[PDB]
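Reading through the structure tokens given below for one structure.
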Amino acid sequence: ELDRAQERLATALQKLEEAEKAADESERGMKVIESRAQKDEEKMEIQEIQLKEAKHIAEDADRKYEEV
Amino acid sequence: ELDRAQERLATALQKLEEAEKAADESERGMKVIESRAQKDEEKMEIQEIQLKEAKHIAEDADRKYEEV
Amino acid sequence: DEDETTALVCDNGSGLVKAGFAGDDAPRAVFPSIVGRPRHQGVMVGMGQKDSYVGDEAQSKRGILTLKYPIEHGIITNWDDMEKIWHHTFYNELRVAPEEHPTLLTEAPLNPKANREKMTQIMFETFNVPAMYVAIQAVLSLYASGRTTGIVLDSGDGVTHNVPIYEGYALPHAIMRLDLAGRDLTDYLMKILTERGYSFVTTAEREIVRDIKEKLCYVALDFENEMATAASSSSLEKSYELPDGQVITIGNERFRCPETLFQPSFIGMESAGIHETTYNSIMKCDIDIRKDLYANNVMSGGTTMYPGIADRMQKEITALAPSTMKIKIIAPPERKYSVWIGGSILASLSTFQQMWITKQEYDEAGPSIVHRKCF
Amino acid sequence: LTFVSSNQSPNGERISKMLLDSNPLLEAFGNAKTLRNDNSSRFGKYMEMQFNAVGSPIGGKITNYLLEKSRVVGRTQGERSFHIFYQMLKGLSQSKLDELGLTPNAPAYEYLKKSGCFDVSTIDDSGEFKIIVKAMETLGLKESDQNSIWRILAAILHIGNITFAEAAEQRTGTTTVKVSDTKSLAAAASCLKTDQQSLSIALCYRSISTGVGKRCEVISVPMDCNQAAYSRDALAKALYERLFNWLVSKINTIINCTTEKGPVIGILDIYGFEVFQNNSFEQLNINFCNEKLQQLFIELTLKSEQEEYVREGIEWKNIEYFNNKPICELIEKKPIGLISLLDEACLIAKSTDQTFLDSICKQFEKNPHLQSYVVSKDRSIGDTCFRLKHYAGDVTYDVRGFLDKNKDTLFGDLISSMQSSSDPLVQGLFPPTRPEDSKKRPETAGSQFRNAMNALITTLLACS
Ligand SMILES: Nc1ncnc2c1ncn2[C@@H]1O[C@H](COP(=O)(O)OP(=O)(O)O)[C@@H](O)[C@H]1O
Ligand SMILES: [Ca+2]
């Protein structure tokens, strides 16, 4: 029975190493993307303010043009 | 020695399931964030196009103001 | 390869050495700079100890090594060890003789005049080097893109350099030298970990800190908002089961140390954040030079790979500075080898003859020949 | 050579026919059109003639160099790119085209759009196609071998579609390269059967770690469009260069003999000195060969031969010997020389074309035999151009594209990809490592090409 258990243990550790490796690459991929997601989120917010500012200044210029 | 082999088989088989489980969850978390990242990336690029236009319109109004 | 002397390419720092074969694009052998003793007694007969252990040999087995740091910003506690460190590079791996090919090295700005001559003495007198040169770190990372107007900030383990080298070099002061890079970061973490009980004492595990750092640790976007986030245990508690056998949940420890970068007040100095030093190098130059500097800011050095290092710059620079031009920082993706890319160039340039030093040139103008003529 | 060398053997004069028909054979595949000649060969060739025990020849090897590889992306109006791309279309059955994922419309692609021209007034490939096919099967290139070769172009045509819409993704740093239409980049890897994602992540992006092992490739380096397009082409060319030279060797598989080994009579044949009313970089390389060709004669009919006169001890005296022009050689070899100052600038990417120009006028225009506008006050020369005096007349050059076209630098990132692929050809195009060129592999091609020309001169000096 020991010989049979040893055989099952050998292949078990091999599958374990493969599983952990797949998880290690998956958790890393999820991370780098999460960082990029937050990096893009900040860029989206800072530009969201610029877009509004760019619109308001345009409307203000039009109102300024109407006066003159 | 058999008891030790069986003991290692138990912790290995269990950790194998956990490793595989984590790999799926990590990939699951990667997918939901990846999708959102792509949506943001697209939305951001569209705003940049509007940002440019908003500025050009603002500048055009200023140049049109100087004339008058 | 065969015809023409063919020169090598190298870039030595105060932490990691970069060197490969000849006519290459990137370093082929990057061994760590470590050399200690067997405070213990080697087995003493299970080899006549000596070899403080170095290269992948020492790094593989730190355990019984009292890692002695020879090169500390400027001062080299002992030169005798450096001789046998270079006797390993050119031969054990490259399998080529320096008594045949030229040599290229890097220059640490504002380094004692006596050092540049002591090194050359080792080459010309013993390693017989009829042709070599020592170029300036940052300037190399430059000549490798497509413009003659960019400001560069090159650093790694040695010291920080804010060099606005674009159209020319050296005028009033602009450039800055700050002893706060790499080794400084590795030294600061162990001190702060003591608050939680963890105390990596000896200099061997001190290196483990650096190893662990470059895998998960990141920079705080805003320490204020991230502090309140500590209430949650998802983005904070990070998993890293020690290869030995004891997990270290680096949660608030990851984005704590990097804060020192922006706040040198935590290391006993008056130096301001790296975004103030940026102004310090811009306000000095002419007035009609700024609008294009903001449009191009080169950030070289593998140190600038920490998550949350570039996005912070746009927040602080746009604050207390002119805001009607294109604020733009060029942070090369793999910016660690930016110096190596430029190094392979100088070694292949022909105009290089106008700059390099020839065997006889070292004897005619004496040892000072180098930095007495060039800059 | 024959008759003189010879006769009897029925398997001699008969196979001599297929060998004499080997000339027009290779003039239909590798050749293209030039305004100076229609049958313009587009591959270096230094043939070698061996002999048999009976008298007839046994076979010979072939060697090329450089290969013109800027015509695929850029050329003058009216001119036309390689023949294989156009003759193949107006011929193959529509059914054969669709299988390769092709549509009867050049503008649709990129490989044929980079020029802007498609139809030629003088050429009718629809009819000329039957002349090439008659050469395909007659020699010994069955459709099986043809399709095999097409699987390489089939991929290239799937890779060629990869165009870009200037991606200003990076908030600040450097504009990256985005590919929304991924099916082009997907089909690109479908033929190679490699991971579509990893491929783009391991090529467009450079990576290195290192530590006695051999690194883990993944780290990213997005770069500008020019460098991206540079890398794109750099591979597209060398991939086909090695094949053609290995193809002609396999054409000799049913021709070359391996029974005797003996003396070798060589025959030289290289691109000719072309002349337009408007030159550029690609002309320099061709015109440069003539500068070496003139040096060859002066080395032979004026030096090595004169030394033979006195060796015999026969009346001879040095009659007005015009300049041996070794200056034209030293001006572009040893330190402080043209290509030594040129290739050096090719690496200094921050030295574009205008700055590079200034590194020539100052370095020269003082050394004899080289003029420009500044020194020689002639309006015909532009402020950005210069006057290069050959051993013949005068030629002026432009600057458009100088760098990316000249650099040639091909690192081991675009090359290694195909080597690690799984296909009997993709790795086959890269034949048994080290064919007459080994030494050390990892190094810019700027020096590799320099060795190619040096392998041409050194082997011509010590001979008859
Ligand atoms: N992938 C990485 N991410 C972040 N930091 C890294 C990475 N790889 C290396 N480093 C760090 O870069 C520094 C070494 O960079 P290097 O350019 O060799 O420095 P120096 O030349 O000053 O010795 C070390 O602090 C190291 O931890
Ligand atoms: Ca440094």
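FYI, nothing fancy with the structure tokens labels: chains A, B, ... in order, residues from 1 per chain, ligands from 1 as they appear.
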Find the residues around residue 325 in chain D up to 12 Å (only C-alpha atoms counted), leave out those fewer than 4 positions away in its own chain, and share them as a short mmCIF file (atom, residue, chain, number, x, y, z; two decimals) with N, CA and C atoms, in the first residue's frame.
data_model
loop_
_atom_site.label_atom_id
_atom_site.label_comp_id
_atom_site.auth_asym_id
_atom_site.auth_seq_id
_atom_site.Cartn_x
_atom_site.Cartn_y
_atom_site.Cartn_z
N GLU D 291 32.36 52.06 -55.86
CA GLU D 291 33.55 52.65 -55.27
C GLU D 291 34.53 51.55 -54.87
N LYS D 292 33.99 50.41 -54.46
CA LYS D 292 34.81 49.26 -54.09
C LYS D 292 35.22 48.49 -55.34
N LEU D 293 34.38 48.56 -56.37
CA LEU D 293 34.65 47.86 -57.62
C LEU D 293 35.80 48.53 -58.36
N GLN D 294 35.82 49.86 -58.35
CA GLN D 294 36.91 50.61 -58.97
C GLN D 294 38.20 50.35 -58.20
N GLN D 295 38.10 50.28 -56.88
CA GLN D 295 39.24 49.95 -56.04
C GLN D 295 39.77 48.56 -56.37
N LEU D 296 38.86 47.66 -56.73
CA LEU D 296 39.23 46.29 -57.08
C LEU D 296 40.16 46.27 -58.29
N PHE D 297 39.75 46.95 -59.36
CA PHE D 297 40.56 47.01 -60.57
C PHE D 297 41.92 47.65 -60.30
N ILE D 298 41.92 48.83 -59.69
CA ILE D 298 43.16 49.52 -59.37
C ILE D 298 44.07 48.63 -58.53
N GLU D 299 43.46 47.77 -57.72
CA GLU D 299 44.21 46.82 -56.91
C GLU D 299 44.75 45.69 -57.78
N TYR D 321 50.78 57.51 -62.47
CA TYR D 321 49.81 56.74 -61.70
C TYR D 321 48.84 57.68 -61.00
N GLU D 329 38.36 54.83 -49.53
CA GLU D 329 38.16 53.64 -48.71
C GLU D 329 38.30 53.98 -47.23
N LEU D 330 39.33 54.76 -46.91
CA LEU D 330 39.57 55.18 -45.53
C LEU D 330 38.50 56.18 -45.08
N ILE D 331 37.82 56.80 -46.04
CA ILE D 331 36.78 57.77 -45.74
C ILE D 331 35.50 57.08 -45.25
N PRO D 368 39.98 65.68 -49.13
CA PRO D 368 39.80 65.87 -50.57
C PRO D 368 38.76 64.95 -51.19
N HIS D 369 38.15 65.40 -52.29
CA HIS D 369 37.20 64.61 -53.06
C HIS D 369 35.84 64.50 -52.38
N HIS D 390 32.06 60.81 -57.15
CA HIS D 390 32.54 59.46 -57.37
C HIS D 390 33.72 59.49 -58.33
N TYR D 391 34.12 58.33 -58.83
CA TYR D 391 35.19 58.24 -59.81
C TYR D 391 34.65 58.47 -61.21
#
> Quick one: residues within 9 Å of ligand 2, with only C-alpha atoms and all ligand atoms, as a ChimeraX atom specification?
Replying inline: /C:12-15,108,137-138,154-161,181-182,301
Please, could you write that set of residues out with N, CA and C atoms as an mmCIF file, in the first residue's frame?
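Wrote selection24.cif, looks like this:
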data_model
loop_
_atom_site.group_PDB
_atom_site.id
_atom_site.type_symbol
_atom_site.label_atom_id
_atom_site.label_comp_id
_atom_site.auth_asym_id
_atom_site.auth_seq_id
_atom_site.Cartn_x
_atom_site.Cartn_y
_atom_site.Cartn_z
ATOM 1 N N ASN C 12 28.894 50.015 -13.923
ATOM 2 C CA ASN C 12 29.007 49.673 -12.512
ATOM 3 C C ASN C 12 28.339 50.707 -11.614
ATOM 4 N N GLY C 13 27.564 50.227 -10.646
ATOM 5 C CA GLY C 13 26.924 51.097 -9.677
ATOM 6 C C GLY C 13 27.392 50.783 -8.269
ATOM 7 N N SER C 14 26.618 51.215 -7.281
ATOM 8 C CA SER C 14 26.947 50.964 -5.883
ATOM 9 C C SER C 14 26.015 49.916 -5.286
ATOM 10 N N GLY C 15 25.460 49.064 -6.142
ATOM 11 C CA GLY C 15 24.530 48.039 -5.703
ATOM 12 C C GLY C 15 24.440 46.877 -6.673
ATOM 13 N N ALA C 108 29.904 58.602 -11.827
ATOM 14 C CA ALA C 108 29.011 59.122 -10.802
ATOM 15 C C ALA C 108 29.298 60.607 -10.605
ATOM 16 N N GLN C 137 26.416 58.849 -16.495
ATOM 17 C CA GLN C 137 25.145 58.127 -16.414
ATOM 18 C C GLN C 137 24.015 58.714 -17.262
ATOM 19 N N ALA C 138 23.426 59.811 -16.791
ATOM 20 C CA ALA C 138 22.198 60.345 -17.378
ATOM 21 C C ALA C 138 22.314 60.625 -18.875
ATOM 22 N N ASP C 154 18.043 60.486 -13.736
ATOM 23 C CA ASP C 154 18.580 59.131 -13.685
ATOM 24 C C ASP C 154 19.079 58.781 -12.287
ATOM 25 N N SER C 155 18.709 57.594 -11.820
ATOM 26 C CA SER C 155 19.126 57.111 -10.507
ATOM 27 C C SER C 155 18.781 55.637 -10.347
ATOM 28 N N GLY C 156 19.376 54.997 -9.347
ATOM 29 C CA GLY C 156 19.128 53.591 -9.084
ATOM 30 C C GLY C 156 19.449 53.219 -7.650
ATOM 31 N N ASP C 157 20.696 52.826 -7.408
ATOM 32 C CA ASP C 157 21.136 52.463 -6.064
ATOM 33 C C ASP C 157 22.117 53.488 -5.501
ATOM 34 N N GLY C 158 22.836 54.172 -6.386
ATOM 35 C CA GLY C 158 23.802 55.171 -5.969
ATOM 36 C C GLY C 158 23.131 56.372 -5.333
ATOM 37 N N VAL C 159 23.057 57.467 -6.082
ATOM 38 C CA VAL C 159 22.434 58.691 -5.593
ATOM 39 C C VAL C 159 21.541 59.294 -6.673
ATOM 40 N N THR C 160 20.548 60.070 -6.249
ATOM 41 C CA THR C 160 19.590 60.662 -7.177
ATOM 42 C C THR C 160 20.211 61.821 -7.951
ATOM 43 N N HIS C 161 19.898 61.901 -9.241
ATOM 44 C CA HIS C 161 20.408 62.971 -10.090
ATOM 45 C C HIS C 161 19.293 63.614 -10.905
ATOM 46 N N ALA C 181 18.698 56.733 -2.717
ATOM 47 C CA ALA C 181 18.257 55.826 -3.770
ATOM 48 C C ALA C 181 18.667 54.382 -3.493
ATOM 49 N N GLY C 182 17.776 53.450 -3.823
ATOM 50 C CA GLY C 182 18.052 52.031 -3.690
ATOM 51 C C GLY C 182 18.474 51.624 -2.294
ATOM 52 N N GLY C 301 15.800 54.710 -14.592
ATOM 53 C CA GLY C 301 16.108 54.001 -13.364
ATOM 54 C C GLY C 301 15.023 53.007 -12.994
#
> Would you name the residues within 9 Å of ligand 1, counting only C-alpha atoms and all ligand atoms, and put them as a PyMOL selection string?
Replying inline: (chain C and resi 11-18+30+32-33+154-160+181-186+210-218+300-307+335-337+339) or (chain D and resi 209+219)
>> as a PyMOL selection string, please: the residues near range 68-83 of chain C (cut-off 12 Å, only C-alpha atoms, same-chain neighbours under 6 positions excluded).
In response: chain C and resi 12-16+32-39+50-54+58+62+89-90+107-116+118-123+126-127+157-160+177-184+202-204+207
>> Between CA of residue 2 in chain B and CA of residue 15 in chain B, what is the distance in Å, rounded to a tenth?
In response: 19.7 Å
Set out as a Markdown table a contact list for chain B and chain D with a cut-off of 12 Å, giving each residue of chain B that qualifies its closest atom pair and distance in Å to one decimal, counting only C-alpha atoms, ordered by chain and rising residue number.
| residue | atom | partner | partner_atom | distance |
| --- | --- | --- | --- | --- |
| B:38 | CA | D:180 | CA | 11.4 |
| B:40 | CA | D:169 | CA | 11.9 |
| B:41 | CA | D:169 | CA | 8.4 |
| B:42 | CA | D:169 | CA | 10.2 |
| B:44 | CA | D:169 | CA | 9.4 |
| B:45 | CA | D:169 | CA | 7.9 |
| B:46 | CA | D:169 | CA | 11.7 |
| B:48 | CA | D:168 | CA | 9.9 |
| B:49 | CA | D:168 | CA | 11.3 |
>> Residues of chain B within 6 Å of chain A, counting only C-alpha atoms, what are they? List them as a ChimeraX atom specification.
In response: /B:2,9,16,19-20,23,26-27,30,37,44,51,54-55,58,61,65
>> Contacts from chain D to chain C, 9 Å maximum, only C-alpha atoms: show me the residue list as a PyMOL selection string.
In response: chain D and resi 171-174+206-212+219-223+334-337+340-341+343-345+347-352+411+439-444+447+451
Go ahead and write the selection's residues with C-alpha atoms as a tab-separated table (two decimals), in the first residue's frame.
chain	number	residue	atom	x	y	z
D	171	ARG	CA	-1.44	60.19	-20.49
D	172	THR	CA	1.99	61.73	-21.08
D	173	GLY	CA	5.04	59.52	-21.66
D	174	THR	CA	5.15	58.15	-25.20
D	206	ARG	CA	11.07	44.31	-25.00
D	207	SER	CA	12.01	42.32	-21.90
D	208	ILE	CA	15.03	41.05	-19.95
D	209	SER	CA	15.93	39.93	-16.42
D	210	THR	CA	18.92	37.58	-16.32
D	211	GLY	CA	20.83	35.62	-13.69
D	212	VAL	CA	23.01	32.78	-14.98
D	219	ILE	CA	8.16	43.16	-18.90
D	220	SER	CA	6.80	45.75	-21.31
D	221	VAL	CA	8.28	48.47	-23.52
D	222	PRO	CA	5.75	50.13	-25.82
D	223	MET	CA	7.54	52.39	-28.30
D	334	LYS	CA	38.49	53.04	-40.08
D	335	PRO	CA	37.59	55.51	-37.30
D	336	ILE	CA	36.77	59.01	-38.58
D	337	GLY	CA	34.94	57.82	-41.69
D	340	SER	CA	31.91	55.05	-39.27
D	341	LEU	CA	30.26	58.43	-38.69
D	343	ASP	CA	26.33	53.95	-38.54
D	344	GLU	CA	27.34	55.72	-35.33
D	345	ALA	CA	24.49	58.19	-35.88
D	347	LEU	CA	22.36	54.34	-33.04
D	348	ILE	CA	22.12	57.91	-31.74
D	349	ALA	CA	18.37	58.02	-32.37
D	350	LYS	CA	18.20	61.57	-31.02
D	351	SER	CA	20.38	62.57	-33.96
D	352	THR	CA	17.74	62.57	-36.70
D	411	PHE	CA	18.32	42.55	-32.19
D	439	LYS	CA	31.42	33.74	-34.52
D	440	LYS	CA	28.90	35.30	-32.10
D	441	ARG	CA	25.22	35.95	-32.75
D	442	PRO	CA	23.88	38.71	-30.48
D	443	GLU	CA	24.92	42.04	-32.02
D	444	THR	CA	23.45	44.91	-34.05
D	447	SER	CA	28.16	45.55	-37.96
D	451	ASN	CA	31.13	42.05	-42.31
>> Taking the DSSP secondary structure from the backbone, can you list the residues of range 131-187 of chain C that are helix (DSSP H, G or I), as a PyMOL selection string?
In response: chain C and resi 137-142+183-187
> Could you name the residues that touch range 144-149 of chain D at 10 Å or less, counting only C-alpha atoms, but leaving out those on the same chain fewer than 3 positions away, as a ChimeraX atom specification?
Replying inline: /D:96,136-137,140-141,152-154,243-244,247,424-425
Filtering to C-alpha atoms, could you give me those residues as a CSV table (one decimal), in the first residue's frame?
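For reference, part_14.csv as written:
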chain,number,residue,atom,x,y,z
D,96,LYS,CA,-6.8,29.8,-54.5
D,136,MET,CA,7.4,26.3,-61.9
D,137,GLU,CA,6.5,22.7,-62.9
D,140,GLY,CA,10.8,20.6,-60.2
D,141,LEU,CA,8.7,22.8,-58.0
D,152,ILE,CA,5.0,31.9,-45.7
D,153,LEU,CA,3.6,34.7,-47.7
D,154,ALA,CA,0.1,33.7,-46.6
D,243,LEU,CA,14.5,31.5,-47.4
D,244,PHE,CA,15.3,32.5,-50.9
D,247,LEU,CA,15.5,27.8,-51.6
D,424,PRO,CA,8.1,22.7,-40.3
D,425,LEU,CA,8.8,25.9,-42.2
> Pick from C:134, C:325, C:309, C:139: nearest to chain A, with only C-alpha atoms counted?
Replying inline: C:309
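Residues of range 383-464 of chain D that DSSP places in strand (DSSP E or B), based on the backbone of this structure, are residues 387, 388, 389, 394, 395, 396 and 397 of chain D.
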>> Between CA of residue 281 in chain C and CA of residue 175 in chain C, what distance in Å does the model show, to one decimal?
In response: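 Distance between the two atoms: 6.4 Å.
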>> As an exercise, work out the distance from CA of residue 79 in chain D to CA of residue 111 in chain D in Å and give it to one decimal place.
In response: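 Separation of CA of residue 79 in chain D and CA of residue 111 in chain D: 14.9 Å.
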